[PDB]
Amino acid sequence: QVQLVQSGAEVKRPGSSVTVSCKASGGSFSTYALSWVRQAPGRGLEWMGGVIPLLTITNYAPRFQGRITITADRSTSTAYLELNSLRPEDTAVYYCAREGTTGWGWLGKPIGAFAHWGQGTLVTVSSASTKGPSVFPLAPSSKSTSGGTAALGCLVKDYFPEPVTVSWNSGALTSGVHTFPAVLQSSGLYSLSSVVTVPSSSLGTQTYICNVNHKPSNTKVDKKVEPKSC
Amino acid sequence: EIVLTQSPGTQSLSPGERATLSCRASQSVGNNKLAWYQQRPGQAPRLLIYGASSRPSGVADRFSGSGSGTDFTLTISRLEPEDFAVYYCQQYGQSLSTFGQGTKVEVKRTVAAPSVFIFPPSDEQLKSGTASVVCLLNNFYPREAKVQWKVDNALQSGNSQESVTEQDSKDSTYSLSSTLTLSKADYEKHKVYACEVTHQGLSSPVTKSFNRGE
């Protein structure tokens, strides 16, 4: 089975250049088409270009023609996507995809469709600097329905870049947990909200701690949420 | 350039039903080089159909492809729980390959009203000079909901951002989070903070509010 392994996530400033790698293992490398497809957050798939390594023939999408460079290195069985003049709208997940075949090696028969995909590579282009988030408590209302259901949570605000992972009570609390997709604020920093609904009866006794983890900034914050003493 | 248009945008169906997705090409797709991909959140796309009708090994037979020329169709004979995802069509009959805008297949369920909660900015955040008011719309269906911010009963606009969760795997509901962002000064200029929620499952708009400092 063909397997594609891409390079790690990238954080770049506007105007710079990035190079994402796609190392192929298993199957044959030279005779099958290797394409690159990007996908902006919450958007669809977009074909950027492709290359047949053994032919040294690359085909680019008109939208990227001039700014993009796709290469194939047969000595390392590794394809490369190079994107220059980066702008904030280039922020996306870049996938490398290879067409499938019916058989093995060079006399394998190509099907054209992208049957094999890489794990994807997050490329974030911004003027913002890498920052750990500030985690504020979304405290449970002091008007929570007695003997009913109350909602509480944590606001993970002003961080860069994506992603952030949030758990509750170190993974012990999973029922009723909603970690929302992050929004990109006008300041250039990300922010998301993670809530959970619990019995109101538990509000005065049970400890609720959200565990916020931001790998890109090496940040780890455990925040305790409790009713406001009003 | 061949432009692919998928229909409909969203397909709301119950498990066990027959799903039919349409892909319409701007011009004839030479050599029927049409493919169907499935993508779930957090994962790469997965090839379902190639050559308009051919199905790779490992892909369930309930997925079938048909059509030619400019009209193509992906058919799921019976909708299983893992089939509710996003589906893309792709043409590769030209040197310039293109994707469709995609179709999301969601679980159709009984209408559920949102549980609305409001959260004032914490003292810790107020110490930093900014104030974030959070409105939570918990577990509702359908996805279409409207959130309106009222400050001293004045309609706010362009100072709030919202995000919606993926359809829940258990109760097939959605949850929405709306954040109203102000400076500490602008926040301390007013008293009444309210979030008004309009939804199909609500006979009348539900308003959750608080007074600053109380």
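Residues numbered from 1 in each chain as written, not as in the entry; some residues may be left out. Chains lettered and ligands numbered in written order. Heavy atoms only, no water. Residues with missing side-chain atoms left out of burial classes, pairs and counts.

Looking at the PDB entry, one finds chain B named 4E10 Fab light chain, with Homo sapiens as its source organism. Listed as the entry title in the PDB record is "Crystal structure of human 4E10 Fab in complex with phosphatidic acid (06:0 PA); 2.9 A resolution".

Under the annotation held in the PDB entry, chain A carries the name 4E10 Fab heavy chain and is attributed to Homo sapiens.

> Tell me about the packing of aromatic side chains, residues and numbers included.
With the rule as written, the count across this model stands at 12 aromatic pairs over all chains. A ring pair is formed by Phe114(A) and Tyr37(B), whose centres lie 6.3 Å apart and whose planes are at 40°; its orientation type is tilted. With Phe114(A) in strand β10 (residues 110-117) and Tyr37(B) in strand β4 (residues 34-39), this residue pair bridges two chains. Like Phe114(A), the residue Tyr37(B) is buried in the burial classification. An angle of 35° between the planes, with centres 6.0 Å apart, marks the rings of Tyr159(A) and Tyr190(A) as tilted. You can see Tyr159(A) sitting in strand β13 (residues 149-159) and its partner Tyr190(A) sitting in strand β17 (residues 190-199), a full 31 residues away along the chain. Taken individually, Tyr159(A) and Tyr190(A) each receive the classification buried, so the pair is uniform in this respect. Among the aromatic residues, those joined into a cluster by ring pairs are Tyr95(A), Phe114(A), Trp117(A), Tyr37(B) and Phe99(B). (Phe/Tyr/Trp six-rings, centres within 6.5 Å; stacked < 30°, edge-to-face > 60°. Helix = DSSP H or I, 4+ residues; strand = E, 2+ residues; numbered from the N terminus. Buried < 20%, exposed > 50% of the residue type's maximum accessible area, 1.4 Å probe, protein only.)

> Requested: an account of the state of the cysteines, with residues and values cited.
Residue and element names in this part refer to chain A. Per the counting criterion, the structure on display carries 4 disulfides over all chains. The disulfide partner of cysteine 154 is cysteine 210, and the gap between their sulfur atoms is 2.0 Å. On the S-S bond that ties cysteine 154 to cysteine 210, the torsion sits near -90°, and the link is left-handed. Taken together, the residues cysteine 154 in strand β13 and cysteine 210 in strand β18 (residues 208-214) connect sequence positions 56 residues apart. (Disulfide = S-S within 2.5 Å.)

> Describe the sheet that holds strand β13 (residues 145-151) of chain B, and please don't skip the residues or the numbers.
One open sheet holds the 4 strands; their spatial order is β14-β13-β17-β18 (chain B), and the pairing between them is antiparallel. The outermost strands of the open sheet, each flanked by one partner alone, are β14 (154-155) and β18 (206-211) of chain B. (Pairing = 2+ DSSP bridges.)

> Before we move on, can you summarise the pattern of salt bridges with the specific residues and values?
By the definition in use, this model includes 13 salt bridges over all chains. One salt bridge in this structure joins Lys224(A) and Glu226(A), with 3.7 Å as the shortest N-O distance. The partner of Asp71(B) in a salt bridge is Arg24(B), and the shortest N-O contact between them spans 2.6 Å. Of the two residues, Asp71(B) is situated in strand β7 (residues 71-76) and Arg24(B) in strand β3 (residues 19-25); the sequence distance between them amounts to 47 residues. The structure contains a network of salt bridges with shared partners spanning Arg38(A), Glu46(A), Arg67(A) and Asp90(A). (Salt bridge = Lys/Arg side-chain N within 4 Å of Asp/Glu carboxyl O.)

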